């Protein structure tokens, strides 16, 4: 009696969460949020990127014009999606440096094709095959022109096509490798010889090679596919005596943000910025462990499957006389993070301190604002999965990606530890600041009891306590009473 107690404290919750800081591998805090995205819907959203589902067609099949890919003519995409079920159903072919032609067409993002009138005087055009049926008739790749002899003559071709446009032209062409010498004569009326396709700045010479390969869709022959880009002011020149699978025109070649992805995920009617082979994923979080292959505004790939960011202070159980924050949280404090408990003539009371609570909350919201909803866009990259063994180039592609992921995984680990340490520090600091400013108000009218509470040595009723909480307490009013109570022989 003749005194009061005023304790400073902070909240605690019954269901806290464990995070990592620089000081502690495990510390329980009142709340945290997940920074690694680990699930996908399992579908690729068809918005807001332009998606082209290849269905049974690879990009290269759609480029050459396999009959089952006729519906793709002239289409564009942000992301071309190639399915594992895709298969070729025309004349058997290969592309030396297939991966590069696939990449450059994918990045260009368009199959726009402009027909041109090549002068094929002296040969038969439009060769077809039972291996490439279009609406039940023998046919061929839509964008290619199989030239054969005319009246058992195949005169030497020396054919030109100038580029008088303001843009580049991509030409796709081929060399036919017949199964037998019989086929060579039947088709071209003479022995095979080289093909040379040239411009002012480039030349490619290819040798047709007669011979049986293992039959594919019953065909032992092959076509090998080549490409040439022709600049404005340059000229395509084609020089051949046979075996030429000629271009019917050129593809536009564009630059932009298009790419290609291998995925079996279904395409859905929905909207998501970040695409992975597993499906679209939300991009609120800064990191993700779903797939290293991404397109769009995506979280960065890391190895961790969880990284928890503290969003509240240390969670400290309440010890079973009122008491302050020293080794003690207040589970009953539910309208603030920090506050006051008092005992005086009028009872025992609690009040939240708004300023300290808001100071902590604002700083935590600040770091969430830097980390949440801030992903950056990436588009065409490098391949990261491989179906064939290749050696040196693939070794480098894999090492580049491994290197990158380990460096990001490190950054993520350090960032979360540093941020969590800072959160513990800033929330501890708001408690300490509140205690110190209360101490300063009280001057010589109170003593520190060592448990986060002051013994106030004068009668201090509810309004008096309120004056301390509100920062309007006038210590001079009570000093005489308090000094007498403090410094009395007992």
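Numbering follows the first chain given and starts at 1.
S.K.: Can you say how many deposited residues have no coordinates in the span between residue 136 and residue 137, choosing none, 1 to 3, 4 to 9, or 10 or more?
M.R.: Missing residues, residue 136 to residue 137: none.
S.K.: Take the C-alpha B-factors listed in the entry for 365 to 373 and for 297 to 305, compute each mean, and give the stretch with the larger one.
M.R.: Higher of the two, by average CA B-factor, is 365 to 373.
S.K.: Going by the B-factors listed in the PDB entry, is the mean over the C-alpha atoms higher for 288 to 296 or for 182 to 190?
M.R.: Looking at the record's C-alpha B-factors, the answer is 182 to 190.
S.K.: From 31, 41, 38, 58, which pick has the Cα B-factor that tops the rest in the entry?
M.R.: In the PDB entry, the greatest C-alpha B-factor among 31, 41, 38, 58 is found at 41.
S.K.: Please pick out which of 225, 389, 235, 310 has the largest Cα B-factor as recorded in the entry.
M.R.: Result of the comparison over 225, 389, 235, 310: 235.
S.K.: Split into thirds by Cα B-factor across the chain's modelled residues, where does residue 279 land: lowest, middle or highest?
M.R.: Lowest third of the chain for residue 279's C-alpha B-factor.
S.K.: C-alpha B factor of residue 318, ranked within the chain: lowest, middle or highest third?
M.R.: CA B-factor rank for residue 318: highest third.
S.K.: Comparing residue 167 with the other modelled residues of its chain, is its CA B-factor in the lowest, middle or highest third?
M.R.: For residue 167, whose C-alpha B-factor we compare with every modelled residue in the chain, the answer is the highest third.
S.K.: Divide the modelled residues of the chain into thirds by Cα B-factor and specify which third, lowest, middle or highest, holds residue 341.
M.R.: For residue 341, the deposited C-alpha B-factor lands in the middle third.
S.K.: Lowest, middle or highest third: where is residue 335 by C-alpha B factor in its chain?
M.R.: It falls in the top third of the chain.
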